[PDB]
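Protein chains in written order, with PDB author numbering: chain A, 512 to 545, 568 to 663; chain B, 512 to 545, 568 to 664; chain C, 516 to 545, 568 to 664; chain D, 2 to 114; chain E, 32 to 59, 65 to 141, 150 to 185, 189 to 309, 312 to 321, 321A, 322 to 399, 412 to 506; chain F, 80 to 127; chain G, 224 to 271; chain H, 272 to 309, 312 to 321; chain I, 128 to 141, 150 to 183.
C-beta atoms are modelled at their ideal positions from N, C-alpha and C, and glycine is treated no differently.
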Amino acid sequence: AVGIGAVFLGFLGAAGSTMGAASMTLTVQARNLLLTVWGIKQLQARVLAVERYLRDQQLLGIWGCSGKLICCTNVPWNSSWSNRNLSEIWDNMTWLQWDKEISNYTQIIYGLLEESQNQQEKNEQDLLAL
Amino acid sequence: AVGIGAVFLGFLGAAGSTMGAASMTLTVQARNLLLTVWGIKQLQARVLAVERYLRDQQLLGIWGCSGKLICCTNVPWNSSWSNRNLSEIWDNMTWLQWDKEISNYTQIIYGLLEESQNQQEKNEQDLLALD
Amino acid sequence: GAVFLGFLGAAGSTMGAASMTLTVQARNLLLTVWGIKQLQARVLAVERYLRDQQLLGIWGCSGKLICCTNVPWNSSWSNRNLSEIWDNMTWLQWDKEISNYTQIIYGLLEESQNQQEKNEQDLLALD
Amino acid sequence: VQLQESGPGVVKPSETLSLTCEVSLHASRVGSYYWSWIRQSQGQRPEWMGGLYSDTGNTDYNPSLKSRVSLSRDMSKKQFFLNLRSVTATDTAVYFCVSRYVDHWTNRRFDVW
Amino acid sequence: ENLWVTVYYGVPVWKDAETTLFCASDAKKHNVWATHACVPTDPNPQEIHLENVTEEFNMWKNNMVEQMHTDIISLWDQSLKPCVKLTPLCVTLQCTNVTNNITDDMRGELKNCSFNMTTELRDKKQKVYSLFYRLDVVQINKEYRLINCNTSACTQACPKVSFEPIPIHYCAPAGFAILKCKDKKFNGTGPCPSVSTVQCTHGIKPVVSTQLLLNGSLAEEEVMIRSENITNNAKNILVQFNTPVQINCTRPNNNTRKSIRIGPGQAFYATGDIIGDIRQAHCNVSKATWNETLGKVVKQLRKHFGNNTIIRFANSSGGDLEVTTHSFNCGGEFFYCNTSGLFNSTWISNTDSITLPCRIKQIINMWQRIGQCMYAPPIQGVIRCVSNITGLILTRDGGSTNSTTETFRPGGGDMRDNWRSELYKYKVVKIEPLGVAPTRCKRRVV
Amino acid sequence: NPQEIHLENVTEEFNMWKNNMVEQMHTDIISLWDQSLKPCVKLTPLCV
Amino acid sequence: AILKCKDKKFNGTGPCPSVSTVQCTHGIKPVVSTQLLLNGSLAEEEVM
Amino acid sequence: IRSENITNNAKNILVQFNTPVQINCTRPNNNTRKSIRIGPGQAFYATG
Amino acid sequence: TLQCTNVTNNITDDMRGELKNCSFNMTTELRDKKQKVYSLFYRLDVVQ
Ligand SMILES: *[C@@H]1O[C@H](CO)[C@@H](O[C@@H]2O[C@H](CO)[C@@H](O[C@@H]3O[C@H](CO)[C@@H](O)[C@H](O)[C@@H]3O)[C@H](O)[C@H]2NC(C)=O)[C@H](O)[C@H]1NC(C)=O
Ligand SMILES: *[C@@H]1O[C@H](CO)[C@@H](O[C@@H]2O[C@H](CO)[C@@H](O)[C@H](O)[C@H]2NC(C)=O)[C@H](O)[C@H]1NC(C)=O
Ligand SMILES: *[C@@H]1O[C@H](CO)[C@@H](O[C@@H]2O[C@H](CO)[C@@H](O)[C@H](O)[C@H]2NC(C)=O)[C@H](O)[C@H]1NC(C)=O
Ligand SMILES: *[C@@H]1O[C@H](CO)[C@@H](O[C@@H]2O[C@H](CO)[C@@H](O)[C@H](O)[C@H]2NC(C)=O)[C@H](O)[C@H]1NC(C)=O
Ligand SMILES: *[C@@H]1O[C@H](CO)[C@@H](O[C@@H]2O[C@H](CO)[C@@H](O)[C@H](O)[C@H]2NC(C)=O)[C@H](O)[C@H]1NC(C)=O
Ligand SMILES: *[C@@H]1O[C@H](CO)[C@@H](O[C@@H]2O[C@H](CO)[C@@H](O)[C@H](O)[C@H]2NC(C)=O)[C@H](O)[C@H]1NC(C)=O
Ligand SMILES: *[C@@H]1O[C@H](CO)[C@@H](O[C@@H]2O[C@H](CO)[C@@H](O)[C@H](O)[C@H]2NC(C)=O)[C@H](O)[C@H]1NC(C)=O
Ligand SMILES: *[C@@H]1O[C@H](CO)[C@@H](O[C@@H]2O[C@H](CO)[C@@H](O)[C@H](O)[C@H]2NC(C)=O)[C@H](O)[C@H]1NC(C)=O
Ligand SMILES: *[C@@H]1O[C@H](CO)[C@@H](O[C@@H]2O[C@H](CO)[C@@H](O)[C@H](O)[C@H]2NC(C)=O)[C@H](O)[C@H]1NC(C)=O
Ligand SMILES: *[C@@H]1O[C@H](CO)[C@@H](O[C@@H]2O[C@H](CO)[C@@H](O)[C@H](O)[C@H]2NC(C)=O)[C@H](O)[C@H]1NC(C)=O
Ligand SMILES: *[C@@H]1O[C@H](CO)[C@@H](O[C@@H]2O[C@H](CO)[C@@H](O)[C@H](O)[C@H]2NC(C)=O)[C@H](O)[C@H]1NC(C)=O
Ligand SMILES: *[C@@H]1O[C@H](CO)[C@@H](O[C@@H]2O[C@H](CO)[C@@H](O)[C@H](O)[C@H]2NC(C)=O)[C@H](O)[C@H]1NC(C)=O
Ligand SMILES: *[C@@H]1O[C@H](CO)[C@@H](O[C@@H]2O[C@H](CO)[C@@H](O)[C@H](O)[C@H]2NC(C)=O)[C@H](O)[C@H]1NC(C)=O
Ligand SMILES: *[C@@H]1O[C@H](CO)[C@@H](O)[C@H](O)[C@H]1NC(C)=O
Ligand SMILES: *[C@@H]1O[C@H](CO)[C@@H](O)[C@H](O)[C@H]1NC(C)=O
Ligand SMILES: *[C@@H]1O[C@H](CO)[C@@H](O)[C@H](O)[C@H]1NC(C)=O
Ligand SMILES: *[C@@H]1O[C@H](CO)[C@@H](O)[C@H](O)[C@H]1NC(C)=O
Ligand SMILES: *[C@@H]1O[C@H](CO)[C@@H](O)[C@H](O)[C@H]1NC(C)=O
Ligand SMILES: *[C@@H]1O[C@H](CO)[C@@H](O)[C@H](O)[C@H]1NC(C)=O
Ligand SMILES: *[C@@H]1O[C@H](CO)[C@@H](O)[C@H](O)[C@H]1NC(C)=O
Ligand SMILES: *[C@@H]1O[C@H](CO)[C@@H](O)[C@H](O)[C@H]1NC(C)=O
Ligand SMILES: *[C@@H]1O[C@H](CO)[C@@H](O)[C@H](O)[C@H]1NC(C)=O
Ligand SMILES: *[C@@H]1O[C@H](CO)[C@@H](O)[C@H](O)[C@H]1NC(C)=O
Ligand SMILES: *[C@@H]1O[C@H](CO)[C@@H](O)[C@H](O)[C@H]1NC(C)=O
Ligand SMILES: *[C@@H]1O[C@H](CO)[C@@H](O)[C@H](O)[C@H]1NC(C)=O
Ligand SMILES: *[C@@H]1O[C@H](CO)[C@@H](O)[C@H](O)[C@H]1NC(C)=O
Ligand SMILES: *[C@@H]1O[C@H](CO)[C@@H](O)[C@H](O)[C@H]1NC(C)=O
Ligand SMILES: *[C@@H]1O[C@H](CO)[C@@H](O)[C@H](O)[C@H]1NC(C)=O
Ligand SMILES: *[C@@H]1O[C@H](CO)[C@@H](O)[C@H](O)[C@H]1NC(C)=O
Ligand SMILES: *[C@@H]1O[C@H](CO)[C@@H](O)[C@H](O)[C@H]1NC(C)=O
Ligand SMILES: *[C@@H]1O[C@H](CO)[C@@H](O)[C@H](O)[C@H]1NC(C)=O
């Protein structure tokens, strides 16, 4: 095992795959996520990209996912958003179709996630007071 | 409960409220925290806000809080800094008065919080190396 | 008083001699033509810091300066003793040859951390 | 928070009925409000027609009104409309615009009618 | 038999990279160099010596000098941009010789010119006179013209800004570092035994010169001789002195500045009549001190080249006036002084003051560029400046007669060579805080 | 619909004649006027 | 943040009791005048 | 054949074909460029 | 004022009238002097 070559899936190559298959291609997208008029336009584009990444990192930071890609949450999943079986939503549906299916409930999920994490931190603080 | 909306306090709404009441509205402030002369000025302001946010995140990262808003520390609180009851500060005092009251010691407080965590960090290290 | 070291003071020191002065270097990462030049260099510095922090956050070192991984070190890349490389070798000398093999190391760390996260998710699901 | 309905009191049959409800938001309660239209006839129980959120704008209608009700909103003037196509004689009722939103500051429901 | 990798952050390692340096100064109104837009300097430098580590330092390839020449330009063009353009000045000129108490050494150097120039009203013109020099005035056929009339026009360089070389400090941005070679006898290329990390450099003065290195950095124990290839005819050999020698350059002419309204809000500062006797501007150097400095230079040249050989100095070979004569700035006035009085000596094995004549030009060209120039406006009073010359830019000659009788002549074919004598101790490196090391701890499985 | 959030139980010491908003507004008005006059034609031949 | 004083009789300098934050300022017309304030903002209840 | 609306009369039609056709354009006039000094460093290139 | 004449130096029938030999006074490096120069301009670039 001295001439073994390692190749991985390309950037956005798991778009047409299933949820479980695309669940292992998160690190590649995460690492690949990052005369005066030309300089200011390219500088503004880079600053906008950095600000967008900062906003996404802060969005995951206010929740209980400060750094980890995969993380759970104690709040349950109501069937009002999507009432589908786990055996087929992870093996017979891509990320594009699933994102377009519940695109109207993303704000509600984000709000409930942030309030659940805030009350979770308050409960942890009260528990540590014993 | 399916036909109800979500409403929270606005930006800086609990500025004049108590500490216990203002401790639950930190999420909105944290989220709100983030011809070429006009472009240079706007980019400079945006970038300046970026180093201020990264400086705050770096100051929190050196401690035992990797991103969480509310977090506890292991260093003891010196009673000589305030000499006041916890009940009256959390129930009869705003964050502004508390900030101007101990505005001096905060800096040196940050320093202990930092080195302490440093030695605290190597503590798990000389234990995690025992595996 | 208390004197530890300064910025980059352990460049010529060995591995173990430089293993405890990494935190000061950790905080050390952070007419109109000169203004736009300063702004461009400042943006580049911010981008480098965010890229390094992102690469650390991908692995199991999101908020830790010292961290180990469950991947077995491949002896073909080093072929040396632990005490010899940690007591009679500097960081620059090791950097001269680990530069060609750092891409495969980073890739294996990323896939291994993703596999560990998947295993943790399955453990939490199965309780 | 105060609401106020507005529209034509007497309308001819078969066209689309348009209504507008004045919504008065709070002082320091920025968020998302759920606006709904509930009508009640004389001596008949009230029935919920439709509802919608103020942030995303998604709408929910009654299972017997897919081809007649149409909900719209505009955050600029803080007013939301109601469009009921093909009005019949059974549509003679009292219309109420309600607002439902949980207040995280005081843990209240604030079911203002 | 088995090991686990360990990730280390903030590791003390660096690599060679390029970046744009910052600025740092502490003064004060207006200047041709770095204005108030530059961030103020730190109250004390953060210099930290590094032990047990050696770094390969080598100039002529680092981009600090290229970045600095470029920034001195862009900023110079930006500074000259808002001044008044002097296109209406290059008109037919009627010049006569001045014979009003003029010394015989300058018979024919100053010309009293007269011309028809426009006024504030576009429908009127006025006949006005001014004094010009023979170097920036060329004949046409008595009817003369400017030397830059057939070339592109240029500004006047407004008196509100000053040409004083205010020192500036280049600071590395975040994630980068500047390494300084603390070796007292570094030859310019090779490993440096003592390296020290610093955030900003010293007080580098952005002065302009071609032959004599004005206000350069001094050595520690003896003079230094640096060159890319000492055995090559090209690649100018620059020498840095260990002690500074003073030079006194002055203009005894009492020039008078007069204002001429070119048009609406456009003013031209012309040279009026000369008050008193007219004398040639010159520089004075201590003959004994210069001879001692030349003795130290030839001693180091003999120890660098073959031993027990005879060497000599000669003046400039030729070319334009920028490299033929010593060109520099003194109180806003540009001087071109004859250097033949200094580089004229013979030194063999086992072995009160000199006055250098000087000329003054108004329409100049600081660099090799031909599309731009500058009309230096005359200032009133007697200009006198005492400075220190700490270096030379000497070049050899072809046809080596068995390594015997080697001659050296002043050069100055490049502008960045002046800044290379001040930016030789520093280098720019990029810090890579990510590192890996095969320990045995392993990750503690959740 | 700009957000207006009332801040009760707090008093801020307002002080005019030192606020930088008016200075920035003056500088912005001057800069906007100068940039607005840039594409217009100069009137140099009128001085006759 | 931008703080606005909602006091009807707000003085030149002092502690404003009714403070309210806002995302952006109200409609301000940058008129040009030297002696009489033309098209300016009116007061609340009396001349100040 | 590419178009935003093929049935639209005012919409343009873009046709692309695989085998290109070669066109040979020539200007047999052997004119001589002449430089005219029209000011300080300004050269107007005219047809001689 | 460009005084133009037609070019009949071996001109063809189809190219006849397309070119015009125009003479005019142009400024030089010296502002107080002018020069009488001649050039060739196409009919599409000149109007009567
Ligand atoms: C501004 O200050 C006033 C005066 O304190 C606040 O009004 C009242 O404040 C209390 C304490 O913060 C609120 O909690 C209540 O406390 C009493 C004990 O005093 C308790 O018996 C109640 O069950 C309740 O927990 C109270 O809700 C509040 N409002 C009332 C009485 O109408 C006011 O809230 C402050 N403003 C802000 C924005 O915080
Ligand atoms: C695209 O879809 C095909 C069809 O599912 C994938 O190919 C494999 O097809 C077999 C058919 O029995 C499945 O059992 C496999 O699970 C499929 N592979 C995977 C990895 O799921 C194909 O891989 C898909 N490709 C992409 C890029 O999405
Ligand atoms: C911080 O410490 C100072 C003493 O060093 C306290 O007193 C202030 O001292 C400065 C000058 O040293 C004066 O200008 C202030 O007026 C003093 N303050 C008062 C309230 O008198 C200061 O109060 C301390 N600040 C805290 C504890 O927040
Ligand atoms: C440079 O190297 C020397 C020797 O390699 C270092 O000296 C060692 O210092 C440590 C304590 O600092 C002692 O425990 C060792 O015994 C010393 N070594 C020897 C051989 O005596 C010195 O510290 C190094 N300096 C730097 C800055 O790295
Ligand atoms: C890392 O890569 C470089 C270049 O790819 C290797 O450099 C080689 O060095 C040897 C001996 O110095 C030369 O004979 C080769 O010609 C170099 N390679 C090339 C492409 O020029 C270097 O050895 C590599 N490091 C390791 C540890 O293998
Ligand atoms: C400035 O212009 C005047 C004319 O206004 C020149 O004076 C003479 O003018 C006559 C015509 O009236 C010409 O024929 C002469 O050739 C002009 N010159 C002389 C010397 O008589 C005057 O010469 C102009 N000055 C300059 C420096 O060109
Ligand atoms: C500057 O000093 C360095 C270091 O000695 C010189 O580099 C090498 O020096 C050794 C001396 O033993 C020579 O054998 C090598 O040939 C040198 N290298 C090269 C590429 O020439 C360097 O030559 C010195 N430079 C000057 C101008 O004296
Ligand atoms: C320094 O310059 C001399 C110039 O003579 C170089 O010597 C010649 O180099 C060429 C290669 O470019 C050889 O082909 C010749 O044989 C050399 N000797 C002669 C002409 O006598 C010398 O190589 C240069 N040194 C460096 C380090 O650049
Ligand atoms: C240069 O020439 C001018 C023009 O002759 C001199 O200026 C004065 O010009 C007026 C024109 O009417 C004469 O009447 C004066 O006699 C001139 N002055 C003098 C002192 O003669 C100017 O003085 C001359 N400058 C020099 C240095 O010779
Ligand atoms: C350059 O000018 C300076 C200042 O005038 C000279 O320095 C003085 O020289 C005199 C000579 O008589 C001494 O008496 C003074 O002590 C010196 N110093 C001062 C502060 O006045 C210097 O000698 C001149 N150099 C040359 C080469 O002319
Ligand atoms: C020129 O060189 C002289 C001699 O060094 C400078 O005068 C001071 O001399 C003393 C003793 O030699 C030094 O300790 C000082 O550091 C020198 N002053 C400075 C500012 O370095 C003189 O300043 C130099 N410059 C000029 C313009 O004359
Ligand atoms: C493409 O252009 C045609 C133009 O013929 C459009 O056809 C129109 O279709 C509507 C259907 O309601 C008719 O009322 C119009 O009379 C038609 N136009 C004409 C000129 O007859 C067709 O809609 C266009 N397609 C688009 C815009 O997608
Ligand atoms: C170029 O300038 C000359 C000189 O002014 C013009 O010639 C004049 O033309 C007018 C109109 O026909 C006559 O009244 C003058 O007598 C002429 N003067 C001279 C000195 O010849 C000429 O017309 C201008 N234009 C061209 C195209 O040559
Ligand atoms: C060493 O590296 C190769 C890849 O080049 C890999 O396939 C092999 O498994 C590694 N050996 C060990 C023992 O991990
Ligand atoms: C979902 O699972 C249930 C059993 O739990 C099964 O009856 C049903 O058919 C499944 N539906 C789909 C769409 O797979
Ligand atoms: C979904 O159901 C959970 C409990 O099953 C409940 O707490 C939550 O409020 C519901 N959400 C909606 C939008 O109905
Ligand atoms: C608290 O502060 C006092 C001075 O205010 C200091 O002497 C003391 O060491 C500090 N710490 C403790 C634990 O009392
Ligand atoms: C603090 O609270 C305790 C009981 O909670 C009380 O006995 C004491 O008097 C209080 N101190 C002050 C200064 O109010
Ligand atoms: C490791 O140490 C042993 C004992 O000193 C030695 O024999 C061996 O050669 C060392 N390994 C290497 C790679 O030098
Ligand atoms: C002016 O002096 C020069 C140099 O002596 C001479 O060549 C020239 O002929 C003189 N011109 C006049 C008009 O005297
Ligand atoms: C401009 O005139 C000078 C006069 O000496 C001459 O040397 C130079 O070649 C001329 N340049 C051009 C472009 O004609
Ligand atoms: C130069 O001339 C002016 C004219 O008044 C005079 O004041 C000044 O003293 C003169 N300078 C010298 C050095 O003679
Ligand atoms: C230079 O020396 C000469 C004598 O050789 C003297 O006349 C002149 O005044 C001196 N100039 C200065 C500035 O010392
Ligand atoms: C220069 O000094 C040397 C001795 O160092 C001496 O032989 C020589 O004559 C001196 N030359 C002059 C011009 O003083
Ligand atoms: C050159 O010769 C002299 C003779 O005195 C001697 O002192 C010196 O060391 C020699 N230098 C070299 C480099 O041989
Ligand atoms: C150099 O000096 C010689 C000796 O007098 C002289 O003939 C020659 O013209 C001088 N050259 C220059 C460029 O000064
Ligand atoms: C410098 O002076 C010498 C003195 O003889 C002279 O020969 C030489 O031509 C002068 N150089 C210049 C450029 O005038
Ligand atoms: C050069 O020096 C010699 C030595 O006496 C002298 O005769 C000659 O005139 C000098 N030449 C110049 C141009 O200074
Ligand atoms: C084009 O075709 C005509 C046909 O007679 C020929 O005269 C002419 O030379 C051709 N031109 C080129 C450029 O092939
Ligand atoms: C155009 O004229 C030039 C003038 O020298 C000549 O060299 C060239 O061959 C001519 N070309 C043709 C195609 O006639
Ligand atoms: C010159 O050419 C024009 C067309 O550009 C034509 O109208 C006119 O008649 C021609 N004149 C002569 C004399 O050929």
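Checklist entry - Over what stretch of residues does the alpha helix (DSSP H) that includes residue 632 of chain C continue unbroken? => result 628-635
Item to check | Residues from the region 570-587 of chain B in contact with chain E, defined by Cβ distance under 8 Å | outcome: none
Next on the checklist: Please list the terminal residues of the continuous alpha helix (DSSP H) segment that includes residue 100 of chain E.
Outcome noted: 99-116
Item to check | Candidates E:204, E:452 and E:266: closest to residue 120 of chain E by CA position | outcome: E:204
Next on the checklist: Contact defined as beta carbons within less than 8 Å: I believe residue 544 of chain C pairs with residue 493 of chain E. What is the distance between those atoms, to the nearest angstrom?
Outcome noted: 6 Å
Next on the checklist: I'd like to check one pair, residue 475 of chain E with residue 116 of chain E: are the Cβ atoms closer than 9 Å?
Outcome noted: no
Next on the checklist: Check whether the region 346-354 of chain E and the region 162-169 of chain E are in contact - that is, three or more C-beta pairs closer than 8 Å.
Outcome noted: no
Checklist entry - Candidates E:244, E:469 and E:359: which alpha carbon is nearest residue 390 of chain E's? => result E:469
Checklist entry - Whose CB is closer than 5 Å to a heavy atom of ligand 11? List the residues in chain order. => result E:291 and E:448
Item to check | residue 498 of chain E beta carbon less than 9 Å from that of residue 602 of chain C | outcome: no
Item to check | Under 5 Å, CB to nearest heavy atom of ligand 22: contacting residues | outcome: E:301, E:323 and E:442
Next on the checklist: Residues of chain F with CB closer than 7 Å to the CB of residue 226 of chain G, please, in chain order.
Outcome noted: 91
Next on the checklist: Less than 8 Å separating the Cβ of residue 389 of chain E from some heavy atom of ligand 27?
Outcome noted: yes
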